[PDB]
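Here is the structure we will look at.
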Protein chains: 2
Amino acid sequence: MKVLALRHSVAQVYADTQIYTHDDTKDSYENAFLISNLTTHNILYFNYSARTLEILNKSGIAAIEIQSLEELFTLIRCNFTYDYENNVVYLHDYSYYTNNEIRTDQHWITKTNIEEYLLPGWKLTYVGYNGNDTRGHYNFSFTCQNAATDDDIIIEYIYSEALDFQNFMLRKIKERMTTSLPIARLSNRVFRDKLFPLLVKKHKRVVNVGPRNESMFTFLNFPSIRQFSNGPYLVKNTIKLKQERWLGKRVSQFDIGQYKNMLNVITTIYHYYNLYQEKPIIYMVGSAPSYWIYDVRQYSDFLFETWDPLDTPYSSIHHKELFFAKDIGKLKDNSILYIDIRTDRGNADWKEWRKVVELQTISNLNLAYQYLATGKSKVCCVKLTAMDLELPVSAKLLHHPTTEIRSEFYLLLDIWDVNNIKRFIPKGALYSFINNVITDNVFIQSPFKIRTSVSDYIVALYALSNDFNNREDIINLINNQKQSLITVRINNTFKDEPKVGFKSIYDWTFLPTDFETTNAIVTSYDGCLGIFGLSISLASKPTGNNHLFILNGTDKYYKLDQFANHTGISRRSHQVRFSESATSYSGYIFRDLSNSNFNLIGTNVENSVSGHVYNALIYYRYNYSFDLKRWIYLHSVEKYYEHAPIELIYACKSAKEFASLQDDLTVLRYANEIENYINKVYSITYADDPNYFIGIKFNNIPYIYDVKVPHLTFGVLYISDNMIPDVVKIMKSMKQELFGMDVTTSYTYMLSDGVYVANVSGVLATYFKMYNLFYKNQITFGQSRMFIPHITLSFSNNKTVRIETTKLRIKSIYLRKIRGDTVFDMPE
Amino acid sequence: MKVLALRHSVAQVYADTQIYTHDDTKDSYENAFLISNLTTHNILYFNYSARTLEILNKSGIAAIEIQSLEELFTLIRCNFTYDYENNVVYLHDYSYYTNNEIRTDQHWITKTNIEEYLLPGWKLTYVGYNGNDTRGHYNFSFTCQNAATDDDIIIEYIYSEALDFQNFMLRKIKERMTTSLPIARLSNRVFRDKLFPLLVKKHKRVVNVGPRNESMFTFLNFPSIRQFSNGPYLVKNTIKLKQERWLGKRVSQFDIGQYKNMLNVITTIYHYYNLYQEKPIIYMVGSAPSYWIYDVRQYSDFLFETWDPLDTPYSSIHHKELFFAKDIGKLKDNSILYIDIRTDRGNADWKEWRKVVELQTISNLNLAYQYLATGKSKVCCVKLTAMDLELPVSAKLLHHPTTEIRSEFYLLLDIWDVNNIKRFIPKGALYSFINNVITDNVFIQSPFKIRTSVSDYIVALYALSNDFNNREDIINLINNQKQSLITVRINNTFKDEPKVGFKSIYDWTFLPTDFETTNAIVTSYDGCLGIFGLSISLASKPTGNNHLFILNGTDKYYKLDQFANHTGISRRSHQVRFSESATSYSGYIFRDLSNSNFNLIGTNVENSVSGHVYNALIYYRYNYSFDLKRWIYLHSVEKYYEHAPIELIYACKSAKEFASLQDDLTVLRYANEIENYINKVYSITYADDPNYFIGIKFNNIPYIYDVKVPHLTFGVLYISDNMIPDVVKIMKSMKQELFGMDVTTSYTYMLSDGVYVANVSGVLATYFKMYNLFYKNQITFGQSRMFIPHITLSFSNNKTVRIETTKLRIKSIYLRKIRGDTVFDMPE
Ligand SMILES: Nc1nc2c(ncn2[C@@H]2O[C@H](COP(=O)(O)O)[C@@H](O)[C@H]2O)c(=O)[nH]1
Ligand SMILES: Nc1nc2c(ncn2[C@@H]2O[C@H](COP(=O)(O)O)[C@@H](O)[C@H]2O)c(=O)[nH]1
């Protein structure tokens with residue numbers, strides 16, 4: 001939506017493409033609301049106060065100050081993510097292709113030969129995390145940087161099994177200039193970066209579920225988190241594999257040895273974090289060039305100590321040019337040891353040189369056992385060729401990709417992988433692992449058992465919703481659990497399909513109303529950006545991979561008009577009402593017809609009902625950022641605004657009817673889901689065949705009438721005959737809000753056959769309060785019909801006569817017994 | 001399938017269209033099995049014994065004796081349902097259209113004018129229940145009758161809102177001669193007729209869920225059943241309805257007053273059964289012609305006492321030609337009173353004649369209250385026009401259809417509908433009920449709360465599976481419940497769609513493996529016909545509205561090879577193996593490839609594995625009549641046949657692979673559903689890196705070999721060193737089943753690289769038994785690999801050499817320690 005707030009005396013409207021203008025000082029909250037229901041994508045907000053920007057930025061709507069026009073305004077056009085507490089703009093613009101470069105955020109790729117393999121004239125540069133080395137280009141009122149990088153192209157290529165690179169990047173560079181900016185995917189690495197370091201301090205613990213190599217680096221300075229994912233591959237499960245022979249396969253023009261050397265270490269550490277909640281010393285041998293070190297130090301600071309003949313530019317201590325051979329007792333315990341002692345064949349005979357590779361492998365294991373023989377908290381990660389070896393069963397294999405597959409895989413070990421566990425593995429049982437099994441993830445820790453906990457702050461962002469997880473176990477994990485941040489997918493389709501996918505995998509799909517939480521928000525992506533200190537410039541789409549977010553047990557459940565609020569509620573309706581092929585009164589006509597006020601749709605300008613909810617139900621696909629359920633519970637019990645209980649049912653009933661004609665079975669369910677939850681948090685009682693009624697007499701009715709005493713039957717009630725004395729409290733306590741309300745009549749109509757009446761206006765708000773006042777005193781009031789206030793005139797069938805809006809005022813009020821000869825109260 | 005058993009010396013094969021022949025005396029149930037896996041639809045079985053027919057008829061396969069050819073054989077061609085205990089054939093042939101008639105089983109339609117409204121030349125006749133008046137036409141070795149009637153055409157027409165009848169029947173008569181005979185629909189009224197009268201005595205109390213007007217007459221002689229359905233419409237819910245005026249609507253050329261007069265009584269009774277498990281006297285007034293009485297007496301015998309000026313042919317006592325006016329104390333209590341006191345306008349003025357209709361209505365209510373003022377167990381059903389009246393809230397309205405809508409509806413009352421409950425109803429609130437609300441069902445009793453019970457024998461045949469019922473509540477109703485007969489729909493589609501429908505309503509879809517019952521059958525429609533004394537001639541289709549049946553807590557759980565047995569298991573495979581575009585060994589090749597015996601598919605003629613289950617998994621859509629789960633649990637614990645535990649996993653693993661290539665995600669689930677249930681009822685242990693092994697030495701190996709001692713490693717085991725003394729028991733107890741088994745070798749092969757071996761044959765059955773005796777003695781034995789028995793010859797790579805099948809015999813057996821220098825047992 002991208003609100004751009006411009007200087008009062010310096011501000012221009014030009015022939016732009018998606019620009020509305022807004023300017024007012026009516027209210028801070030009410031102005032932001034009126035903005036947030038505006039249609040277009042780019043809005044100029046000419047005279048402003050900081051609090052109207054606060055509310056929007058809190059609502060996930062990116063709203064920012066603009067002080068100048070030449071570059072501060074033209075470059076903040078493009079889409080972005082805004083941290084509204086440190087005033088940093090994370091742009092997501094792929095217009096940097098124009099000066100003919102790609103850009104990464106990993107230093108190691110710059111030292112490859114890749115620029116030989118890019119298209120002619122292109123380069124890569126500006127290597128910083130989130131583009132934090134972009135900010136040197138711009139000089140604004142705010143800090144700014146373009147976090148768009150092409151990590152996708154390079155990393156997918158490695159996992160792509162394709163060999164021509166120019167063909168590859170030319171394909172993908174054309175995909176972005178064709179298809180939609182995946183803004184939600186890009187904004188997550190921003191979200192993840194600030195999401196954890198504050199969460200860790202606030203709760204003192206955290207568990208994450210399903211981390212992928214999106215987060216290879218997020219957690220390197222967080223030992224005290226415990227991540228769970230797909231389990232590892234074990235030596236225990238090589239016995240499955242059919243035998244196979246050397247397969248010389250090349251899948252990368254440019255050498256990516258530094259990438260696996262980075263991943264195998266990183267895997268080794270998250271393992272060490274899994275076992276002990278501490279973080280190690282990191283010894284190394286055989287790995288000099290190590291341009292992947294500087295990538296690591298941008299996140300967490302580790303002590304790297306290396307033994308290699310060649311240059312290690314990036315380390316604390318490069319101890320020797322000798323490679324660590326048997327001086328093994330000189331190592332500290334709190335450690336990991338990464339062994340990559342290797343060789344390179346020259347032109348020597350492969351059949352005889354193979355003998356050398358076998359002997360190193362025997363040695364490299366002897367180093368591993370002697371390491372793990374003495375001290376505790378020691379992990380290894382050792383180099384192996386594919387030959388017959390005696391390996392521990394419970395150990396974990398790794399084959400992160402490389403330049404080319406030529407028979408080697410790495411093994412990592414723990415202290416208990418030595419304690420009397422050993423198996424013999426044949427040769428071709430390893431090649432069968434090498435050649436077909438690519439390791440996908442450095443996070444090889446055990447799966448998350450789906451059950452509630454009370455010490456755990458559980459995060460689960462894109463791990464659950466998979467079809468293979470028990471639906472009810474995740475539901476109960478969400479309902480019967482405090483302390484979390486869970487994400488699940490919304491049922492964004494019609495005909496209520498419970499499982500939705502890509503023709504590869506299906507995922508479980510939810511509505512908001514699957515969950516009877518106790519104190520929790522259930523909002524969208526943009527809403528939770530606001531909760532955690534962020535705001536985004538692009539709105540969510542009605543279809544596509546939208547996801548419910550669920551915050552349990554948080555400080556922000558009571559702060560309703562701040563976060564996950566009624567912002568954005570009517571944005572799509574206003575499009576339908578005025579523009580997209582309908583009359584402006586379409587919603588004002590339908591809901592009265594569907595609630596049996598179909599004779600009268602004149603007074604549907606004002607005094608209609610079913611405001612917030614009817615929009616929340618039929619356009620949930622757009623505005624599920626508004627947690628409807630949280631809105632209702634906090635008005636059951638006053639913890640601004642107030643509507644009667646009755647109005648919410650009519651909002652539900654009309655959405656059913658609407659979804660029936662449309663045949664949108666998902667709204668139709670969602671309407672059923674709500675209305676019996678409305679009848680849950682509070683009951684509703686109906687004096688269907690009442691005994692008493694509240695009546696209002698007037699001085700003079702400016703109409704023709706044959707009924708001997710015209711009156712307004714203001715409401716009916718069914719009570720016991722000694723709760724009269726506490727009914728009369730209410731008439732007495734609000735006698736002037738009835739004498740003081742603008743009763744007006746302007747016309748006659750036909751309420752029904754043989755019942756010719758007037759219309760009364762301007763009274764309902766008092767009627768809705770009166771229903772609430774009687775309610776909590778446990779007094780029945782009102783019928784299941786819609787109370788349309790009317791003054792009876794005659795039992796005939798006549799013509800609607802219009803007069804000027806003539807004010808009527810109150811003779812008296814009275815509480816009358818139906819078919820009785822006496823009353824007991826009448827204010828005056 | 002329709003097995004027709006022909007006389008030995010009198011039996012003919014002619015140029016017929018779907019005829020196989022079968023004839024053998026091998027073994028009774030093995031013969032029926034071989035039959036039941038035959039392809040075609042009509043089978044001649046030339047020389048037979050009664051027990052082979054018993055098994056099939058018990059298996060739901062209709063199998064019958066044929067003694068003659070001219071008419072006993074030619075007319076038993078057509079499809080039918082067979083009661084194999086009373087030897088009655090219920091034919092389902094619509095060839096009676098040829099002599100130009102329709103046929104009903106309700107006497108009242110014959111006295112209408114309908115034959116004026118049939119197509120020219122047609123008639124209707126032969127009015128008996130199930131066609132029980134057909135049997136006078138045929139003189140066979142068995143009783144027989146054609147239960148095909150055209151109740152559909154007439155009854156749908158009444159509920160169709162269409163007015164031209166010739167156009168109607170001509171449409172539907174053409175639907176049957178176009179589309180498929182719905183047998184699963186016609187055989188149910190047979191099923192329902194014998195299903196309840198035996199069930200009521202056995203369980204002592206029966207509840208049925210969702211009865212429709214399929215069963216208007218089934219239950220009239222069963223008070224002690226308690227039916228539940230959609231609740232009634234109440235006076236309480238007229239307050240919803242918009243006001244409306246007289247709507248003169250004609251929807252039936254022929255008068256169907258007798259139909260509503262039948263339904264309103266019948267509704268009145270099932271109500272009385274609901275309140276008081278009882279059955280009443282049935283007084284009447286205003287209803288003389290009453291040709292619907294004889295329909296009632298064909299099911300249950302009631303005392304009907306009528307007051308009407310005109311002829312009542314069918315009753316016990318037509319007391320007077322005066323109509324029951326105020327002599328009301330002369331009635332017995334245990335009763336229902338049906339009031340239809342009415343009039344017929346002549347040419348009198350409708351505006352003045354209307355006054356008469358109003359006064360009767362006031363009177364007809366006075367009769368109703370005076371009735372229900374004195375005695376207990378009294379139920380009324382009274383005639384009303386649409387006018388303003390003072391009605392009880394809790395009463396129940398009825399507008400079963402009629403000739404034409406001209407402002408009348410009937411009301412029924414109970415004893416508590418009078419006890420200080422009354423409301424005023426306006427005129428047009430009734431017309432709005434009349435004109436739009438057609439009553440659907442005489443069964444207006446309250447819904448079934450979906451929860452388990454221990455006194456209840458619950459039937460639920462086609463009521464559950466609806467999308468609006470909580471899935472888990474019905475699941476737990478099936479799992480956590482004994483004493484029932486539940487039906488649910490099968491997931492007959494691919495891509496595992498949980499809810500399936502007609503684009504009108506969706507219904508919850510199941511697999512068999514959703515349910516961990518304790519002692520229950522989960523079979524098809526045809527299987528349960530066998531259980532209850534029936535058998536059907538048409539097989540179920542792979543797609544269409546197939547339904548799981550679930551019998552809990554019944555005497556027949558242990559009788560495996562009788563009911564819901566392995567009958568029919570391989571019918572579709574044999575079609576695929578030989579005919580439908582594949583080699584006969586296709587299944588014998590695939591399952592070895594998918595279980596890593598892919599080097600060898602020579603010995604897949606015999607000694608293959610995964611027999612019953614692999615067919616039960618990939619063709620479940622055809623043979624879900626075989627409850628796979630019941631088959632497995634009763635072989636976990638011996639309560640004929642025996643296979644090893646190991647074989648069932650390989651059956652599951654191969655179905656996964658099969659369903660992966662096909663991408664049939666439902667088998668793929670169903671395979672996962674089973675294999676961890678296999679690992680549930682019993683564990684499996686694997687000596688993956690064993691310590692000991694069982695070895696077998698031979699006199700002389702007729703091959704070339706370089707290993708110093710060729711041997712058969714018959715099996716491996718991982719045990720403690722003082723469970724040798726109870727391993728040797730089994731070494732001893734089966735020493736001759738090893739010496740006595742037909743060890744044979746016929747060729748060499750390559751088991752793997754550098755391992756050149758022979759093949760051993762004919763030993764596995766002993767190997768599978770041995771696995772079980774070590775098993776229940778809690779001894780590990782076998783690896784996760786498939787044990788392919790082999791004699792090692794040389795560590796080279798050579799050519800398969802074939803020899804004649806040469807028998808090898810045992811020098812000795814021995815239990816050896818892996819890499820040890822001693823043994824401790826060797827039989828000889
Ligand atoms: N009673 C009530 N009315 C509202 C509320 N919010 C908006 N409205 C009404 O709905 C209108 C929405 O205007 P629109 O967004 O359709 O132009 C407002 O001008 C106001 O009349 C609310 O919270 N409570
Ligand atoms: N072990 C075992 N084999 C069976 C069983 N039933 C059938 N078979 C085998 O499977 C074959 C099936 O023959 P088909 O029906 O394919 O012509 C039988 O001839 C027999 O060899 C059984 O219950 N157990």
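Naming scheme: A, B, ... for chains in displayed order of the structure tokens; residues 1 onward per chain; ligands 1 onward as shown.
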**Q.** Protein and nucleic residues near ligand 2, 12 Å, only C-alpha atoms and all ligand atoms, as a PyMOL selection string
**A.** chain B and resi 29-39+561+565-578+584-588+604-615+631+635+640-644+647-648+764-765+768-769
Create the file for the chosen residues now, containing C-alpha atoms and written as a PDB file, in the first residue's frame.
```pdb
ATOM      1  CA  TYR B  29     -13.308 -74.173  -0.845  1.00  0.00           C
ATOM      2  CA  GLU B  30     -10.280 -74.180  -3.154  1.00  0.00           C
ATOM      3  CA  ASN B  31     -12.717 -74.691  -6.025  1.00  0.00           C
ATOM      4  CA  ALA B  32     -14.944 -71.801  -4.989  1.00  0.00           C
ATOM      5  CA  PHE B  33     -11.837 -69.654  -4.733  1.00  0.00           C
ATOM      6  CA  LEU B  34     -10.747 -70.538  -8.255  1.00  0.00           C
ATOM      7  CA  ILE B  35     -14.246 -69.734  -9.458  1.00  0.00           C
ATOM      8  CA  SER B  36     -14.418 -66.440  -7.589  1.00  0.00           C
ATOM      9  CA  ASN B  37     -11.293 -65.223  -9.397  1.00  0.00           C
ATOM     10  CA  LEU B  38     -12.903 -65.846 -12.777  1.00  0.00           C
ATOM     11  CA  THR B  39     -13.400 -62.860 -15.026  1.00  0.00           C
ATOM     12  CA  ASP B 561     -12.505 -68.403   5.562  1.00  0.00           C
ATOM     13  CA  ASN B 565     -12.948 -64.049   3.068  1.00  0.00           C
ATOM     14  CA  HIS B 566     -10.175 -64.135   0.423  1.00  0.00           C
ATOM     15  CA  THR B 567     -12.845 -64.872  -2.175  1.00  0.00           C
ATOM     16  CA  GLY B 568     -12.596 -62.565  -5.175  1.00  0.00           C
ATOM     17  CA  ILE B 569      -9.084 -61.410  -4.294  1.00  0.00           C
ATOM     18  CA  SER B 570      -7.311 -62.020  -7.626  1.00  0.00           C
ATOM     19  CA  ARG B 571     -10.169 -61.464 -10.083  1.00  0.00           C
ATOM     20  CA  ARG B 572      -8.788 -58.207 -11.473  1.00  0.00           C
ATOM     21  CA  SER B 573      -5.154 -59.320 -11.430  1.00  0.00           C
ATOM     22  CA  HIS B 574      -5.864 -62.321 -13.688  1.00  0.00           C
ATOM     23  CA  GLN B 575      -7.456 -59.866 -16.123  1.00  0.00           C
ATOM     24  CA  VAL B 576      -4.290 -57.774 -16.062  1.00  0.00           C
ATOM     25  CA  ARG B 577      -1.821 -60.655 -16.002  1.00  0.00           C
ATOM     26  CA  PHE B 578      -3.038 -62.442 -19.123  1.00  0.00           C
ATOM     27  CA  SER B 584       1.579 -63.140 -17.247  1.00  0.00           C
ATOM     28  CA  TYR B 585       4.704 -62.689 -15.102  1.00  0.00           C
ATOM     29  CA  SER B 586       4.227 -58.927 -14.717  1.00  0.00           C
ATOM     30  CA  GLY B 587       3.290 -59.128 -11.063  1.00  0.00           C
ATOM     31  CA  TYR B 588       5.922 -61.800 -10.508  1.00  0.00           C
ATOM     32  CA  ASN B 604       9.387 -65.940  -9.843  1.00  0.00           C
ATOM     33  CA  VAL B 605       7.194 -68.761 -11.143  1.00  0.00           C
ATOM     34  CA  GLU B 606       7.129 -70.230  -7.637  1.00  0.00           C
ATOM     35  CA  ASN B 607       8.735 -69.241  -4.316  1.00  0.00           C
ATOM     36  CA  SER B 608       7.719 -65.605  -4.717  1.00  0.00           C
ATOM     37  CA  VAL B 609       6.220 -63.652  -1.834  1.00  0.00           C
ATOM     38  CA  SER B 610       3.560 -61.023  -1.144  1.00  0.00           C
ATOM     39  CA  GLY B 611       0.553 -62.944  -2.439  1.00  0.00           C
ATOM     40  CA  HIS B 612      -2.726 -61.849  -0.898  1.00  0.00           C
ATOM     41  CA  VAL B 613      -1.814 -58.389   0.286  1.00  0.00           C
ATOM     42  CA  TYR B 614      -0.226 -56.863  -2.809  1.00  0.00           C
ATOM     43  CA  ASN B 615      -3.490 -57.614  -4.584  1.00  0.00           C
ATOM     44  CA  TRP B 631      -6.985 -61.326   7.907  1.00  0.00           C
ATOM     45  CA  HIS B 635      -2.654 -64.774  11.896  1.00  0.00           C
ATOM     46  CA  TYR B 640      -5.217 -73.848   6.846  1.00  0.00           C
ATOM     47  CA  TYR B 641      -2.761 -71.069   6.010  1.00  0.00           C
ATOM     48  CA  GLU B 642       0.350 -69.371   7.314  1.00  0.00           C
ATOM     49  CA  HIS B 643       2.839 -66.872   5.930  1.00  0.00           C
ATOM     50  CA  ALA B 644       5.762 -65.222   7.611  1.00  0.00           C
ATOM     51  CA  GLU B 647       6.259 -61.292   3.538  1.00  0.00           C
ATOM     52  CA  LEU B 648       3.638 -58.714   4.470  1.00  0.00           C
ATOM     53  CA  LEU B 764      11.888 -71.095   1.863  1.00  0.00           C
ATOM     54  CA  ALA B 765       8.718 -72.502   3.426  1.00  0.00           C
ATOM     55  CA  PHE B 768       9.448 -68.942   6.930  1.00  0.00           C
ATOM     56  CA  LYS B 769       8.283 -71.392   9.605  1.00  0.00           C
TER      57      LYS B 769
END
```
Q | Contact set, chain B to chain A: 7 Å, only C-alpha atoms, as number ranges by chain | A | B: 240, 423, 689, 785
Q) Tell me, which residues of segment 159-226 of chain B carry DSSP alpha helix (DSSP H), written as a ChimeraX atom specification? A) /B:165-176,183-203
Once you have the residues from the selection above, write them out as a compact mmCIF listing (two decimals), in the first residue's frame, restricted to N, CA, C and O atoms.
```txt
# COMPACT_ATOMS: atom_id res chain seq x y z
N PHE B 165 -47.64 -35.94 -17.27
CA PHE B 165 -47.20 -37.24 -16.80
C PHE B 165 -46.65 -38.11 -17.92
O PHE B 165 -45.65 -38.80 -17.73
N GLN B 166 -47.32 -38.11 -19.07
CA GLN B 166 -46.81 -38.86 -20.22
C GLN B 166 -45.41 -38.42 -20.58
O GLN B 166 -44.54 -39.24 -20.87
N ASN B 167 -45.18 -37.11 -20.55
CA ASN B 167 -43.83 -36.59 -20.75
C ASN B 167 -42.90 -37.10 -19.67
O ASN B 167 -41.71 -37.33 -19.92
N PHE B 168 -43.41 -37.28 -18.45
CA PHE B 168 -42.56 -37.66 -17.34
C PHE B 168 -42.11 -39.11 -17.47
O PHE B 168 -40.92 -39.41 -17.51
N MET B 169 -43.08 -40.03 -17.51
CA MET B 169 -42.74 -41.45 -17.55
C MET B 169 -41.96 -41.81 -18.79
O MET B 169 -41.02 -42.62 -18.72
N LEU B 170 -42.31 -41.23 -19.93
CA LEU B 170 -41.55 -41.46 -21.15
C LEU B 170 -40.10 -41.04 -20.98
O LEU B 170 -39.20 -41.64 -21.56
N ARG B 171 -39.85 -40.02 -20.17
CA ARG B 171 -38.48 -39.62 -19.89
C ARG B 171 -37.78 -40.67 -19.05
O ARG B 171 -36.65 -41.07 -19.37
N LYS B 172 -38.43 -41.17 -18.00
CA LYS B 172 -37.75 -42.03 -17.04
C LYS B 172 -37.67 -43.46 -17.53
O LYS B 172 -36.68 -44.15 -17.28
N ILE B 173 -38.70 -43.93 -18.23
CA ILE B 173 -38.65 -45.26 -18.84
C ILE B 173 -37.49 -45.33 -19.82
O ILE B 173 -36.92 -46.40 -20.06
N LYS B 174 -37.12 -44.19 -20.40
CA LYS B 174 -35.99 -44.15 -21.31
C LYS B 174 -34.68 -44.04 -20.56
O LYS B 174 -33.62 -44.35 -21.11
N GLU B 175 -34.71 -43.59 -19.30
CA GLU B 175 -33.49 -43.52 -18.51
C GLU B 175 -33.00 -44.91 -18.14
O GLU B 175 -31.79 -45.17 -18.07
N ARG B 176 -33.93 -45.83 -17.89
CA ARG B 176 -33.56 -47.18 -17.47
C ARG B 176 -33.05 -48.00 -18.63
O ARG B 176 -32.11 -48.79 -18.48
N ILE B 183 -28.34 -51.78 -8.91
CA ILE B 183 -28.68 -52.95 -8.12
C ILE B 183 -28.47 -52.69 -6.63
O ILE B 183 -29.25 -53.17 -5.80
N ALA B 184 -27.43 -51.93 -6.28
CA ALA B 184 -27.15 -51.64 -4.88
C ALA B 184 -28.30 -50.91 -4.21
O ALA B 184 -28.40 -50.92 -2.98
N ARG B 185 -29.21 -50.41 -5.05
CA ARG B 185 -30.43 -49.68 -4.61
C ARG B 185 -31.65 -50.62 -4.51
O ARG B 185 -32.43 -50.43 -3.56
N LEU B 186 -31.79 -51.61 -5.41
CA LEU B 186 -32.99 -52.45 -5.39
C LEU B 186 -32.87 -53.59 -4.40
O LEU B 186 -33.87 -54.06 -3.86
N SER B 187 -31.65 -54.05 -4.16
CA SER B 187 -31.44 -55.14 -3.24
C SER B 187 -31.57 -54.73 -1.78
O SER B 187 -31.64 -55.60 -0.91
N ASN B 188 -31.62 -53.42 -1.50
CA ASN B 188 -31.69 -52.98 -0.12
C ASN B 188 -33.05 -53.24 0.50
O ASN B 188 -33.12 -53.59 1.68
N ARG B 189 -34.14 -53.06 -0.25
CA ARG B 189 -35.45 -53.29 0.34
C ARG B 189 -35.64 -54.76 0.69
O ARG B 189 -36.37 -55.09 1.63
N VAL B 190 -34.98 -55.65 -0.05
CA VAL B 190 -34.87 -57.04 0.37
C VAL B 190 -34.07 -57.11 1.66
O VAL B 190 -34.50 -57.73 2.65
N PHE B 191 -32.90 -56.48 1.66
CA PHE B 191 -32.00 -56.49 2.80
C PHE B 191 -32.68 -55.93 4.04
O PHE B 191 -32.62 -56.52 5.12
N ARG B 192 -33.36 -54.79 3.89
CA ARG B 192 -34.01 -54.16 5.03
C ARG B 192 -35.11 -55.04 5.59
O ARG B 192 -35.31 -55.10 6.81
N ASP B 193 -35.82 -55.74 4.71
CA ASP B 193 -36.97 -56.57 5.15
C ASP B 193 -36.52 -57.67 6.12
O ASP B 193 -37.18 -57.82 7.17
N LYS B 194 -35.43 -58.39 5.82
CA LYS B 194 -34.99 -59.48 6.72
C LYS B 194 -33.93 -58.99 7.73
O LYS B 194 -33.66 -59.73 8.69
N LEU B 195 -33.35 -57.81 7.49
CA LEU B 195 -32.29 -57.28 8.38
C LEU B 195 -32.81 -56.96 9.79
O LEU B 195 -32.12 -57.33 10.76
N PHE B 196 -33.99 -56.35 9.90
CA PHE B 196 -34.50 -55.92 11.20
C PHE B 196 -35.20 -57.01 11.99
O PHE B 196 -34.83 -57.21 13.16
N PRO B 197 -36.15 -57.78 11.44
CA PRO B 197 -36.90 -58.72 12.29
C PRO B 197 -36.05 -59.75 13.00
O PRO B 197 -36.47 -60.26 14.05
N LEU B 198 -34.87 -60.07 12.48
CA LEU B 198 -33.97 -60.98 13.19
C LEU B 198 -33.11 -60.23 14.19
O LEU B 198 -32.81 -60.75 15.27
N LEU B 199 -32.69 -59.02 13.79
CA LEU B 199 -31.80 -58.14 14.59
C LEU B 199 -32.49 -57.72 15.90
O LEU B 199 -31.81 -57.71 16.94
N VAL B 200 -33.79 -57.42 15.84
CA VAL B 200 -34.53 -56.92 17.04
C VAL B 200 -34.49 -57.97 18.16
O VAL B 200 -34.18 -57.60 19.30
N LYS B 201 -34.75 -59.24 17.82
CA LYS B 201 -34.76 -60.32 18.84
C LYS B 201 -33.35 -60.55 19.43
O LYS B 201 -33.25 -60.67 20.67
N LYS B 202 -32.33 -60.56 18.57
CA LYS B 202 -30.93 -60.85 18.99
C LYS B 202 -30.33 -59.78 19.92
O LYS B 202 -29.71 -60.18 20.93
N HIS B 203 -30.52 -58.49 19.62
CA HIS B 203 -29.85 -57.43 20.43
C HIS B 203 -30.73 -56.87 21.56
O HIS B 203 -30.14 -56.22 22.45
```
Q | Nearest to residue 820 of chain A by atom-to-atom distance, counting only C-alpha atoms, from A:692, A:795, A:433, A:767 | A | A:692
(Q) Give me, as a PyMOL selection string, the residues of segment 374-514 of chain B that a backbone DSSP run labels strand (DSSP E). (A) chain B and resi 378-385+389-391+396-398+404-405+408-413+423-425+457-460+484-490+499-501+506-510
**Q.** 12 Å contact set for residue 253 of chain B, only C-alpha atoms, chain neighbours under 6 positions out, as a PyMOL selection string
**A.** chain B and resi 112-118+154+157-158+161-166+168+402-404
Q.
Taking 4 positions as the minimum chain separation for residues in the same chain, which residues sit within 10 Å of segment 63-72 of chain B when counting only C-alpha atoms? Answer as a ChimeraX atom specification.
A. /B:1-8,10-12,43-46,48,50,52-59,76-77,82,84,87,89,138-142,535-537
